[PDB]
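Asks: Handing you a structure now.
As a convention, Cβ positions derive from the backbone with ideal geometry for all residues, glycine included, and neighbour counts pool all protein chains shown. Coordinate-derived values only; no laboratory data.
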Amino acid sequence: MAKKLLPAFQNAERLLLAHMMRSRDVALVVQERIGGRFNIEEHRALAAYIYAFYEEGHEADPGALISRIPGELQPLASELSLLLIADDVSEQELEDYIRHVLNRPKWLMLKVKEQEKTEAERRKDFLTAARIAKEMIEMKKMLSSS
C-alpha cells in the first residue's frame with residue numbers, strides 16, 4: 001500500500017457489523033460508539049440498517065435486515081453476522097475495530113496502537129519496534145492536526 005494512506009477502515013466496519021448484527025443494543029454501539037460512514041453502499045447499508053430498524057422493530061433482525069441488501073452485502077452480511085465475533089462481541093475486538101472505524105483526529109485510536117505497538121516494544125513486528133514506533137509518530141500526526 002505505497003500509495004494508500006487511509007481510504008477507509010472497511011475492515012473494522014465489517015466486523016463492526018458482525019457485533020451489531022446481533023442485538024439492537026449493539027446497534028446503538030455501532031451508531032453511537034462509531035457512527036461512521038465510508039464509500040460503501042452495502043457496508044453503509046448495514047450500519048444504516050440498524051439505524052432504521054430501530055424504528056421498525058427496535059432490533060436489527062439478522063434474517064430480516066441481512067436479506068435487505070442488493071447482492072454483495074447479502075453473502076457478506078450473512079457471514080458477517082458473526083464471521084469474526086463472539087456472543088459477547090469480544091470486548092478487545094469491540095474497541096479494536098470501532099476505534100479503527102473512527103479514522104478521525106482521535107488520539108484514542110492511537111491508544112489502541114499503544115497496546116499493539118507496545119507488544120512490538122517487547123516482541124516487535126519484524127526485527128525492531130521501530131516499525132510500530134513509526135506507527136505512533138504516524139498516529140500522533142493523524143490525531144494531531146499539522
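Asks: Based on the Cβ-Cβ distance from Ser23 to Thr118, what FRET efficiency comes out when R0 is 35 Å, to the nearest 0.05?
Replies: After rounding, the FRET efficiency stands at 0.60.
Asks: Also: Give me the one-decimal nm value for the distance between modelled label points at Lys4 and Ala48, 7 Å along each residue's Cα-to-Cβ direction.
Replies: Distance between label points: 2.5 nm.
Asks: Then there's this: Which one, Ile34, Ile132, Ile98, has the greatest fluctuation when you compute a Gaussian network model over the chain with C-alpha springs under 10 angstrom?
Replies: In the Gaussian network model the winner is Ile132.
Asks: What are the ³J(HN,Hα) values, in whole Hz, obtained from phi via the Karplus relation 6.51 cos²θ - 1.76 cosθ + 1.60 with θ = phi - 60°, for each residue of the stretch 104-109 in sequence order, with x given for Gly and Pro?
Replies: Values, residue by residue: 10, x, 10, 4, 3, 5 Hz.
Asks: First obtain the Kirkwood hydrodynamic radius of the stretch 105-146 from its Cα pairs, then insert it into the Stokes-Einstein equation at 4 °C and 1.567 mPa s, and state the resulting D in µm² per second as a whole number.
Replies: Roughly 128 µm²/s, to the nearest whole number.
Asks: How long is the stretch 8-70 along each principal axis, judged by its Cα atoms, biggest number first, in Å?
Replies: Ordered largest first, the stretch 8-70 gives principal extents of 30, 26, 16 Å.
Asks: A further question follows. What's the extension gain from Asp125 to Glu59 if we count 0.36 nm per residue and subtract their Cα-Cα distance?
Replies: Taking 0.36 nm per residue and subtracting the Cα distance, the gain is 19.7 nm.
Asks: Once the Cα atoms of helix 130-143 and of the chain are each reduced to a long axis, what angle between those two axes, in degrees from 0 to 90 to the nearest 10, is obtained?
Replies: Taking the Cα atoms of the chain, the angle to 130-143 is about 60 degrees.
Asks: Rounded, prolate or oblate: which one fits the stretch 34-101, using the alpha carbon gyration tensor with axes a ≥ b ≥ c (rounded when a/c is under 1.5, else prolate when a/b beats b/c, else oblate)?
Replies: Here the stretch 34-101 falls in the rounded category.
Asks: Now for a separate question. Would you list the P(r) distribution for the chain, with all Cα-Cα distances sorted into 5 Å bins from 0 and each bin expressed as a whole %?
Replies: Percent of Cα pairs in each bin: 2, 10, 18, 20, 18, 12, 10, 7, 3, 1, 0.
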